[PDB]
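S.K.: Build me a structure from this.
(chains A, B, C, D, E and F)
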Amino acid sequence: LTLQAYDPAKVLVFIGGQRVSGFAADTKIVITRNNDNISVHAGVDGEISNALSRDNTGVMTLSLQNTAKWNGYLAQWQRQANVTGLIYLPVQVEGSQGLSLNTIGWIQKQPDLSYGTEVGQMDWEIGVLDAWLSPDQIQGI
Amino acid sequence: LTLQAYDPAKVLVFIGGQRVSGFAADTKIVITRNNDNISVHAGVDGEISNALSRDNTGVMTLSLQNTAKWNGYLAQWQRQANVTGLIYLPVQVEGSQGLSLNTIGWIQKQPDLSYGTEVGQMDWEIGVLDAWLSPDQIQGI
Amino acid sequence: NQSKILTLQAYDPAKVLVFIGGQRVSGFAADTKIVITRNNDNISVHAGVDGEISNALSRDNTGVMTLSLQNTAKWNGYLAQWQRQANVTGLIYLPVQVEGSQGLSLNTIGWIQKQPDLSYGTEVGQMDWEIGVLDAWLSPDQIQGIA
Amino acid sequence: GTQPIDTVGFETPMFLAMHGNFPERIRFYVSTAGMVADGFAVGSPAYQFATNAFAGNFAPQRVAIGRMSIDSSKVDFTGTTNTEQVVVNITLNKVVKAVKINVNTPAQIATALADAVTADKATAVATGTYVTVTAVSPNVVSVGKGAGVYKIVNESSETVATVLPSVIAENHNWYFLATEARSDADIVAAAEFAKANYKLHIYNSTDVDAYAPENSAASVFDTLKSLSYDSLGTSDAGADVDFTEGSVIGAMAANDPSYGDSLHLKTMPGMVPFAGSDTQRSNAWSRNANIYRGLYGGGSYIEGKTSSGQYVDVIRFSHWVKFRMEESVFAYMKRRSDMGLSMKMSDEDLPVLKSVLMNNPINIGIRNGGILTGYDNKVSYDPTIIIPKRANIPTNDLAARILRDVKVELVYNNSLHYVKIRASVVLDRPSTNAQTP
Amino acid sequence: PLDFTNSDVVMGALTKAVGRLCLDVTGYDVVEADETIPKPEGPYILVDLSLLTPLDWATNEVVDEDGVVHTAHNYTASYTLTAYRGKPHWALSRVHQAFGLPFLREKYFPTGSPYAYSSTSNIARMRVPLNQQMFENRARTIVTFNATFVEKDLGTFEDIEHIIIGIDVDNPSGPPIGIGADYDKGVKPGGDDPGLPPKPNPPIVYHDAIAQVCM
Amino acid sequence: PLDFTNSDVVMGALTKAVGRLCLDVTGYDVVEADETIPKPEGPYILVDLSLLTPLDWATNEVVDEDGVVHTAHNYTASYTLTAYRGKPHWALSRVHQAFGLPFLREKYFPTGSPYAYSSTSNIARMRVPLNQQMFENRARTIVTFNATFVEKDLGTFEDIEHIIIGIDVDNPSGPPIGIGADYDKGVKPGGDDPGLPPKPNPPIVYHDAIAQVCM
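M.R.: Numbers count the residues shown, from 1 in each chain, chains lettered A, B, ... in the order given. Pasting the structure now:
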């Protein structure tokens, strides 16, 4: 029994079937939801009633160095979909020790490209059609 | 008669019956209310009348290292409730020397998960259905 | 306070079932799924000069039901066919039913009263079909403990 | 060594009958049909009690019947008057019969009842005012009420003070207590056992000393009053032949004490309205012998007081709290131990009892209204829970692995019983300070 | 019987993991700071565990079968590498890139291992005079790793075998009613009572009618 | 008679608490900076109370029976630990993790104690030449604790036994009316007057009618 140490190199991202590579330093990804889980209606006298949220979309940011070969793929996929109308591709994430994710999603907005004296960065916004994190990889859950 | 020294290690959190563990450095928790206690209506000539607040919900933040085993439990509880409709679990807090709390509550929103070169952090938002602090543990009140 | 929780199970909007003609409706809009109204109030009051009061019971109980569907929904087709069907053949009525997950139900017959306004733009539109319901008494049957 | 009951037991009433229809010391039924199948004669004591219990508005789901060795029955006409076809129902070893005596005097009727000698095994012995029925070793006999004016009495070689320790050992999942024996010694023995085992004792009596003037009396009600027990007694005319304890239980078995509801005006089908006068009612109220007055064309219980003057509902509420806390603590402690995460004796674990106890037993009461809350004076009624720290636990208690001095406090929210008004009629109507006090 | 790998094991094995990867990539020879020896011949690398940082609050607790507690803490260990001859700056760089090669890492940093790589610092090239005749080429860098340390408690508290609770119900009809409640390890609240009969499952039989109504 | 534990007691007992936990976990030997002795044999740890920080404004005031005042102030004491041989960095780390083990803390840091643990600094490993022959392994860290200090006043002020108040009511009908008011320790304003009669509680009697109306 040896407990894991957080390995940043085993955080994987698979988009469309292949594995992404060429991240920028620091945060490789960020996952954020769009809406609150439950909506609470509070009465005059204090009665409380709850409603379940039925919109579970999220957003995932993806930091890539502007020299990465994966910029070309996303740029091609983005323009292709705008013409044909087919926008969805599988998205899967893993954690060395953390919460995974496995759904479908699409490229939401085009990042901002800037050129200077040093290799820059591009932050893509990948929409994910469901944003429930999973304890698959937690060692002991 | 020896007066207590603030012991950060004796601040306890019990959710659903078990004890939480695996906090991130600095602030373990934060408790905040949502509404003002009394609403004051001021007349033209200066007459003043008061109304008592009958909505006493609060919010409690919970900072956990992203390798904590307790992330899996909250992720499972969150998804379970979204299907069944049972969302409430007991919540209890203690203070080494401070104001306690003991009510029921639910997981409000999914935190933001980010992956980088070092073990990160997740801040859960636990709604609490009442937010009255108690002097139980104060030594002399 | 936790001693006044009005719903011990969260209200899930997906439990609200609607059946028209025996098929389950699907493809609803963003905010509101249905709205049920009456046309006439329940009783009429005839008050005399000196204060004599007498009341009458209404006998027109028809109501109107609005059904919000995304204009890309498939159910728009079924309703559109039904309109022409009834316009020519003269058979208008069709059973209607509603399930009050944690509220009031409804079970009667109805017909398509008007067709909505179809609009095309940069966003997926919406349609408000009017299903006039012959009798609109709400039913508390889903609620337990009604003595 | 009282073991704890659970929620189902809290509703199950037990009746200690005399019979031999099953070998076991106790059995549970969900309808009178099962008892009929077991060979109980229609109109028999246990059958009547079961019918009454199931006939209430708050009827329990299941009824438990105890066994006390039967010896011989009695069909007593002594002191009766009859001008109607007397009928007696008899079941013999799964064989069901009926008996008929026409019309005349009670002694003649009793003598003519000796005709119950055909198709029998069992024997019948007339004695001029009653017929003693005795079975034979392999035979089983059940004698039940019919259309006649008579009361069935049973005798046994055992005594309650020795039968009950066997029934409780056989099974303990029941709350209410009732018996067929009606002697003062049996009633007092039942009361003393019940008060020691945390069970509610019920009984109906027909003694006229309940009506007897308050100046003095020596009734069982008075003996229990002197001993200061909690047995719930009631005076009824038809108790000795109908066993109306079943009807009393049927009106309070199902409603949980979390509502703080009392027994003051609940209708009890099967009971017969009290007949005495107002002076007799005043007399009875002094002995705590509750009566079933018939008012405004209906029947209504009266005030449900116990032997020692206390109300029934407070006692029942306290017992309900006890059982619920026991069950909740056991459940949580068992779930904690199913995992390898057993509760230890340290200051990092002890507090959780606060939430564990707040959830199941107490919060339901506060919600439903049985527990009073708010502010008074300079005191508040909110329930409080106090738990010790590891430093305060004695070393002997540490060694024994036992936790003591966990304390709870509550306030009960009683109901209303009486109202008085001061109306006034006048032909017309009559200082102006107008200054804020 | 529920054993583990304490801090001493993880810490000592991390050095050797770094030592083998440096040897297997750069081709230089390796040496630690722990004990001093006459300077080797040819290019070589020096390894040192310069610094170690803790993270305040434990992330996991594992309870032994008997109740003992094992606590896990996150750490970060920094190693100072120095290359002394040849092209030292080239040597250190190849160590950096090695952590990006998948197959090479799997030999020494297998999935599930108690330590991992985090980042690297700037590589500085230096020239140092020797005996006032020659300038020697050198370099220096700091490599930061992640880790997780586990330690075992020194005992346990007693279990709760028996609980006694006192209850007082204040009421207006009389003095407060005192009553107690109790719990015991093996005593079920209901004993072993079978409970109410269950609703039976009807047996599987043939039906002639798809939907039959009978009054 | 209302005694307490002043600053001197708490401060001196905090050192020994740290001393015992270091000995009981790492297995090394312990020594303070207070008095100098020839260097012991084998690995050992050195304890020093490097720094002490006050918090400005008192958090509690306890009044003696006679009126004397005891004031309580929050503090933070920092201890510098140094381990001198063996694997010093390993030794210090096990001290850090000890504060996360529940049973071990309860021996020396019981609930209600006047000092507590706060945090820890980076652990730096060092090599120090000795006699120009050998490099000795060492380490260093700073552990920060919480504390609370209580001190007792040097006297009290007099009580207020008698109060005299002068009042002047200016009015237009004449010169201002002068009148005085007074207070005395044991003199009630109303003496011991019984006051108005209370509303009696009616005795408990039997009622025939659930609701009776009488004109």
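S.K.: Is residue A:83 part of a helix or strand, or is it coil?
M.R.: At residue A:83 the chain is in helix, as set by DSSP: H, G, I helix; E, B strand; the rest coil.
S.K.: Would you check how far apart it and chain B are?
M.R.: Distance of residue A:83 to chain B, given as C-beta to the nearest C-beta, to the nearest Å: 33 Å. Yep, even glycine has a C-beta here, placed from its N, CA and C like the rest.
S.K.: what's the longest strand seen in chain E packed up against?
M.R.: Once chain E is assigned using DSSP state E, the strand that runs over the most residues is strand E:134-152. Helices and strands touching strand E:134-152, by 3 or more C-beta pairs under 8 Å, 6 or more residues apart in numbering or on different chains; DSSP states H and E, are helix E:7-26, strand E:69-83, helix E:88-98, strand E:115-120, strand E:124-130, helix F:88-98.
S.K.: Check which strands are paired with that strand and give the direction for each one.
M.R.: In its sheet, strand E:134-152 lies beside strand E:69-83 (antiparallel), strand E:115-120 (antiparallel), strand E:124-130 (antiparallel), with partners assigned from DSSP bridges.
S.K.: TSV for those strands, including mean neighbour count?
M.R.: Shown next, in TSV, are those (neighbours: other C-beta atoms under 10 Å in any protein chain shown):
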stretch	mean neighbour count
strand E:69-83	21
strand E:115-120	21
strand E:124-130	11
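S.K.: hang on, the earlier thing: output the helices and strands packed on strand E:134-152 as a markdown table; include the columns distance to residue F:22.
M.R.: Shown next, in a markdown table, are the helices and strands packed on strand E:134-152 (distance: least, C-beta to C-beta, whole Å):
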| stretch | distance to residue F:22 |
| --- | --- |
| helix E:7-26 | 16 |
| strand E:69-83 | 18 |
| helix E:88-98 | 37 |
| strand E:115-120 | 26 |
| strand E:124-130 | 38 |
| helix F:88-98 | 6 |
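S.K.: Name the residues of chain E found near chain F, please.
M.R.: By C-beta under 8 Å from any C-beta of the partner chain, the residues of chain E that approach chain F are E:7-8, E:11, E:33-34, E:36, E:48-54, E:56-58, E:69, E:71, E:73, E:75, E:149, E:151, E:153-157.
S.K.: Buried among the residues you listed? Need that as a selection in ChimeraX.
M.R.: Here is the ChimeraX command that selects the buried residues among those (16 or more other C-beta atoms under 10 Å in any protein chain shown):
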select /E:7,11,33,48,49,51,52,54,56,57,58,69,71,73,75,149,151,153,156,157
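S.K.: Next, give phi and psi for residue D:301.
M.R.: phi -60, psi 170 (degrees, to the nearest 10).
S.K.: Need the phi and psi values for the nearest residue to residue D:312 once chain neighbours are set aside.
M.R.: Closest residue to residue D:312 apart from its sequence neighbours, by C-beta to C-beta, 6 or more residues apart in numbering or on different chains: residue D:304 at 4.6 Å. Here is the backbone geometry of residue D:304 (degrees, to the nearest 10): phi 40, psi 60.
S.K.: What residues does residue D:304 make contact with?
M.R.: D:232, D:262-264, D:290, D:311-313 (C-beta atoms under 8 Å, 6 or more residues apart in numbering or on different chains).
S.K.: mind redoing it with 6 Å?
M.R.: Contact partners of residue D:304, counting by C-beta atoms under 6 Å, 6 or more residues apart in numbering or on different chains, are D:263, D:290, D:312.
S.K.: Could you export stretch D:308-322 as CSV, keeping only the C-alpha atoms?
M.R.: Taking Å, rounded to 0.1, in the frame of the first residue of the first chain, the C-alpha atoms of stretch D:308-322 are listed here in CSV:
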residue,chain,number,x,y,z
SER,D,308,-51.6,8.8,39.6
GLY,D,309,-53.4,11.9,38.2
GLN,D,310,-51.0,12.3,35.2
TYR,D,311,-52.3,12.5,31.7
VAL,D,312,-51.8,9.5,29.4
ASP,D,313,-50.4,11.5,26.5
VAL,D,314,-47.4,12.9,28.4
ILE,D,315,-46.4,9.4,29.6
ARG,D,316,-46.8,8.0,26.0
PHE,D,317,-44.8,10.9,24.6
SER,D,318,-41.9,10.3,27.0
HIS,D,319,-41.9,6.6,26.1
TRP,D,320,-41.9,7.4,22.4
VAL,D,321,-38.9,9.7,22.8
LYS,D,322,-37.1,7.0,24.7
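S.K.: What strand or helix carries residue D:187?
M.R.: helix D:184-197 (DSSP states H and E).
S.K.: Now residue D:225. Its backbone dihedrals?
M.R.: Torsion angles, degrees, to the nearest 10, at residue D:225: phi -60, psi -50.
S.K.: Mind checking what secondary structure the closest residue to it other than its chain neighbours has?
M.R.: Excluding its sequence neighbours, the residue lying closest to residue D:225 (C-beta to C-beta, 6+ apart) is residue D:307, at 5.8 Å. Of the three states, residue D:307 takes coil under three-state DSSP.
S.K.: Residue D:307 - how many residues pack around it?
M.R.: Residues contacting residue D:307 under the criterion other C-beta atoms under 10 Å in any protein chain shown number 25.
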